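Okay, so here's the structure we're looking at.
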Amino acid sequence: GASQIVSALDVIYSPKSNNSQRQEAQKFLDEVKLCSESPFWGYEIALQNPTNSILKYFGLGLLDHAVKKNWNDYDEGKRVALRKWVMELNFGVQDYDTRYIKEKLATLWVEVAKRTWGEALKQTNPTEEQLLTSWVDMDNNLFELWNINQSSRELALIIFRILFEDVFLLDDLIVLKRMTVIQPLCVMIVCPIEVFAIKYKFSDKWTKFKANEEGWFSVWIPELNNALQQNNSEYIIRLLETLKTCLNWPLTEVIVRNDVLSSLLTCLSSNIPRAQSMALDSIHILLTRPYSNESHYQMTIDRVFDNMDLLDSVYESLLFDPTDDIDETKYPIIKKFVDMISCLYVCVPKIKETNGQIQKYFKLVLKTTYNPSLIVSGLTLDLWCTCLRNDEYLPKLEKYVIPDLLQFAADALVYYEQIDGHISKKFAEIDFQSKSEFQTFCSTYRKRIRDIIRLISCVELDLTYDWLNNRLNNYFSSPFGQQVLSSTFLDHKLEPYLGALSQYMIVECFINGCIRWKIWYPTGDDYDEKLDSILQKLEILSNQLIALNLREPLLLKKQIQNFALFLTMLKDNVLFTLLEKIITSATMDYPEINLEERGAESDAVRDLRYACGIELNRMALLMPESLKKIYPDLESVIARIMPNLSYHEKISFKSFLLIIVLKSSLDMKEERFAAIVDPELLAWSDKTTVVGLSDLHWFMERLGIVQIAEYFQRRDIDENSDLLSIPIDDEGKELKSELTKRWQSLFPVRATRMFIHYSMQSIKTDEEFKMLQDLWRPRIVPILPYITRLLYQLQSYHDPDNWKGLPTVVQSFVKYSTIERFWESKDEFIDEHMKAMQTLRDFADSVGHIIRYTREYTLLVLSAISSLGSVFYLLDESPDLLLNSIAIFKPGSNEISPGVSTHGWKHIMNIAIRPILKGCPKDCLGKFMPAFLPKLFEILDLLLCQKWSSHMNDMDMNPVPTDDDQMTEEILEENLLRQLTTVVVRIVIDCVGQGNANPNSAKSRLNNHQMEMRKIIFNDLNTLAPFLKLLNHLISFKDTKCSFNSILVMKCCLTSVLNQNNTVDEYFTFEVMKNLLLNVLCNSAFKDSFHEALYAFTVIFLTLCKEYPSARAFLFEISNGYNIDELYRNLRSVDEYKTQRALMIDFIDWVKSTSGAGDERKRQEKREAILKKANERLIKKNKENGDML
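Mind the numbering: the sequence shown is residues 5 to 828, 835 to 1166, 1175 to 1207 in the authors' numbering, read in order.
Okay, structure coming up:
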């Protein structure tokens, strides 16, 4: 019997065992694991050997394994015997028992209860026999265990914690099968009898499961208070551990009666760190729990606000000096406190002011926001953003809360990433595991500070303007800011430039906040008087800023970018001065430095010129009417600078001129439009380009790869020689400059995109749209085939097989050109300047950069052409030309455009396909969709199947946060593939429509596009079959968000495809349902999307099985002998889906079981992680409200 197990365990742990004995024993004990008498042996060994910790743990593990796998087929006698064994084992807990053995005993107790407790409730008058089988004495036995020993009391607390965690937080399959019985019992045990009867459906049979009528909250709370009086730290920790899980779900009446909030506040003041964190989490849970007794909600909020002074003292104790090192013992407590304080802003309006409770609370938030750590400071920024936006809170925080917050935000609007001495880096190195993650969080924090400053400027415009003028005047008069005013170039990573950039950022935020004042302020008679005065102040500020005469390129860039914001209010008052300043800024020369060189300081001038051009374009786009007055003068002035502003600014200025021609109301619109667009678009119709566009060798020659071979031969470069360690000759620089200059002129892709986009940007009325279509029709139509040919050639460039005929010397160069370097800027602080030119490897890198630039611009050109509308969606060439160029098919195999990385596909999906699909007009959907949707869906499905198949079983479910060891190409490729899958899921969502979560309604808000697209897709099987094939793969693919969204989309589309055609049901019978049940429902890694997938599978099974008897044989074959026919008749008896969920869960459990050392730590870690995730979901209730795309 158990003697063999004892001998094997002694052998496996004997020091004389070695490899010989542990094979002898470990195999033997694993055999005992599957034996029928395993639970009896495990119970026997644990009771007989209490001193041996590991041996008793092994017996308890055997008993747990027996109750988790062999429990299903056990009869009533075996079940009751196992329950009695667990009961006896738990009651024998003594002092010498360790902590984890008590946890195992608690888990054993809970597992038995979940499968037996309350089973007799479903039958009216269950008599005495069912009561014994249903464990009617669960509460009484727990009460008996409560007063046996202190260790017994701790075991009871752990049992309660584990039971309440599984039922209400983890929501496992066993609880989900019997939720409607388990949850009322859980409410019963804690709440008193008289409280339960009023709220619930309490009957005579229910009261038999309760031991004490007072409830359990009448025992824990006095115990917690008594422990607080005696300062027993260890007991308080366990009591709070139980309370933090038991305080969410139960009724509010018992919580109010027992004064749990008072006990939590009392234990908050204690010196125990862990107890403070537990109390804070419990209070935060209590604040955000649902309240069906809003009258009871008043005292809970009032109690916290009345103790606002005590909360401040707690934060003061938690604060620590980070100069030496952080204190990880209490640092998370600070974050929890900050989150709990930030949550409280919702209940502010429902507080009666008696002792400045609201005033005290807002001061506490302001003090919290001053925390040196970035995370806790940013946790309260969303509070100020929401609080300032609402007009109700303004009179409350108007007193000495606004100026301090504004000053703090202005002082904190700095670049934390680059400054070395900032204290935030110490917290960054512990809270953020990646430099890129810290940079992204810093950018988000700076954006939120921007929003705060804008809101402050809008709310308190007079005071904010006065303070800003006082600060700006003082800063430039300081002996530290005058360096900027008297310097040409400055270090873009040092303090003197950063401070001035921050000041200009603050000025930009203030100006942006003045625009919102136009809408926020009411339209009363004072609107005209106030607005006139503000415009004078803005004009004075603009004149003062201009008079500074800045010269630093990047700072002048920021000042020029600020000019567009000024024009919104000043309008014609300042337009002439701004136009004069911008024009001379781009033309301004820098004789001290030659602009031909690609130095870091030289790139600033180019960036400033680009910004000036784009700002001129935006200024023209804003309003052309006043620009028409000086149109001849502007034309002459700009033509005077034609030979000097290079090609880029030439295109920018031509586009600027084109805006005035179209948007304004001058004469000869056609002639002026043709005078500018035609010279730039002429290169598209070149005879040499047209003929050579179909030949890849001509494309290579024009790119200059063959010309590079001559340079390599002259330099005597070998193909096998490494290109990373070869210096660049001065001839190479000239060759690169010549090639990049000729390439842009050969394909005027940039000019076409800007021209079309700005011509079709602001289209007032409807007659203007018709005229503009007639203008672009003779031009775009003969050029679209050439654009598609160029895109196809560029896509075929990435193919390794294409360049086989190229010279062998430049083969390695071309291979190095194709790789997308290491790809994973909207804030003005980050500066990159795209490095410099050092080695021959960078020559391949820059050629690839040119290739990707051309591809991105041709995608933008295609999107802009799609923005035209009828002229592009009507011709029969467009549906076929676009798809042929996007994806190519080699004569052999089925690879879709071999040689292009995932990132390129992600961009060509998110740049061209999205606007083309979304931009189709209602009248044009009937002609473009039938010739475009099927091939596109087939291409997407095949590509997604191919890309994911390379490493199908080689990831984890959730993305892994990258770090210093995680720039491995596998991780980056995985992230890019996930992003591409998300992009195609968004494509499907925008195309057809996504459903809601388990809470159902009358479908989603399918406004206008989705109705038209659903009619085309669903009524055409030729388009429906590829779409259904694509959708199945999306669900089958291993990802969290994409699978959930695909399942929701399938549920939305489930009720309109299941009976239209016979062929559709054939695919559903064999492919969709089999994949859903076997690869999603059966798989244990899809727990996040289990509920929606289960519901979709149920809806599929119900309708399909009704009319297809042949499907039942398939289900019988898949499920391995399950009575499918019995399932159909059993389910049809109950109309409610909630009852059928238990039946489907039981059916799935059969399929999973039939098709089914470090394990202990792995399961424990997984349970801890999912418990933490559930706690976060509960805490952020009404803020998260689920996650979708």
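A virtual CB, placed ideally from N, CA and C, is assigned to each residue, including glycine.
In this structure, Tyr883 keeps its C-beta atom at 8 angstroms or more from the C-beta atom of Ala854. Taking the CA atoms as reference points, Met592 sits about 14 angstroms from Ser606. A residue is called buried when at least 16 other Cβ atoms come within 10 angstroms of its Cβ; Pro731 does not meet this threshold and is exposed. In the DSSP secondary-structure assignment, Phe899 is bridged to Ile906.
Taking C-beta atoms as the reference points, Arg452 and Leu385 count as a pair closer than 8 angstroms. The alpha-carbon separation between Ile456 and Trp388 amounts to approximately 7 angstroms. Residue pairing from DSSP places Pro731 in a beta bridge opposite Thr849.
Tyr508: member of the alpha helix (DSSP H) spanning 499-524, first to last residue. If you compare the alpha carbons of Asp529, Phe480, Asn394, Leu173 with that of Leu505, the shortest gap goes to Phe480. The beta carbon of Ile597 lies closer than 7 angstroms to those of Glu605, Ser606 in the same chain, with the five residues before and after it left out. In the three-state reduction of the DSSP assignment, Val1161 falls in the helix class. For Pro336, the closest C-alpha among the options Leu322, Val260, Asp1000, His802 is that of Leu322.
Leaving aside the five residues that flank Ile163 on each side, the residues in its chain whose CB is nearer than 6 angstroms to its CB run, in chain order, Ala110, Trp113. By alpha-carbon distance to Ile362, the top candidate from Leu542, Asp141, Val352 is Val352.
One Cα belongs to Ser207, the other to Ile193, and the distance between them is close to 15 angstroms. The Cβ neighbour count for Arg1139, taken over all protein chains shown within 10 Å, is under 16; the residue is labelled exposed. Straight across, the Cα-Cα distance linking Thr744 with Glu332 is about 54 angstroms. The straight-line gap separating the alpha-carbon atoms of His652 and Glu619 is approximately 14 angstroms.
For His300, the enclosing alpha helix (DSSP H) covers residues 298-310. In this structure, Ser447 is the residue among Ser274, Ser447, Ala12 with its C-alpha nearest to the C-alpha of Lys836.
Membership of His913 in the alpha helix (DSSP H) is indicated by the continuous run 912-918.
Excluding sequence positions up to five before and after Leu465, its CB lies within less than 8 angstroms of the CB of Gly517, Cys518, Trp521, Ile538, all in the same chain and listed in chain order. In this structure, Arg602 lies away from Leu727, with their beta-carbon atoms at least 8 angstroms apart. Remark: C-beta atoms of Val995 and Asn1042 do not approach each other more closely than 8 angstroms.
Between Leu1153 and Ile1128, the gap from beta carbon to beta carbon reaches 8 angstroms or more. Cβ neighbours of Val199 within its own chain (closer than 7 angstroms, five residues either side excluded): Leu255, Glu257, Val258. Non-local beta-carbon contacts of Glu512 in its own chain, meaning distances under 6 angstroms to residues more than five positions away in sequence, involve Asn566 in chain order. For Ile515, the closest alpha carbon among the candidates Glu556, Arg555, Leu574 is that of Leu574.
In the DSSP assignment, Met965 falls outside any alpha helix (DSSP H), carrying neither H nor E. Sequence-distant Cβ neighbours of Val813 in its own chain, meaning closer than 6 angstroms and more than five residues away, are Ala713, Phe716, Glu723. By the Cβ-count criterion, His701 is exposed, with fewer than 16 other Cβ atoms from all chains shown falling within 10 Å of its own Cβ.
The beta carbon of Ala117 lies closer than 7 angstroms to those of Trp139, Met142, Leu167 in the same chain, with the five residues before and after it left out. Distance from the CA atom of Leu476 to the CA atom of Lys654, rounded to whole angstroms, is 36 angstroms. For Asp778, the enclosing alpha helix (DSSP H) begins and ends at 771-784.
A direct Cα-to-Cα measurement between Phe1047 and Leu952 gives close to 13 angstroms. Assignment of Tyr820 by DSSP, reduced to helix, strand and coil, places it in the helix class.
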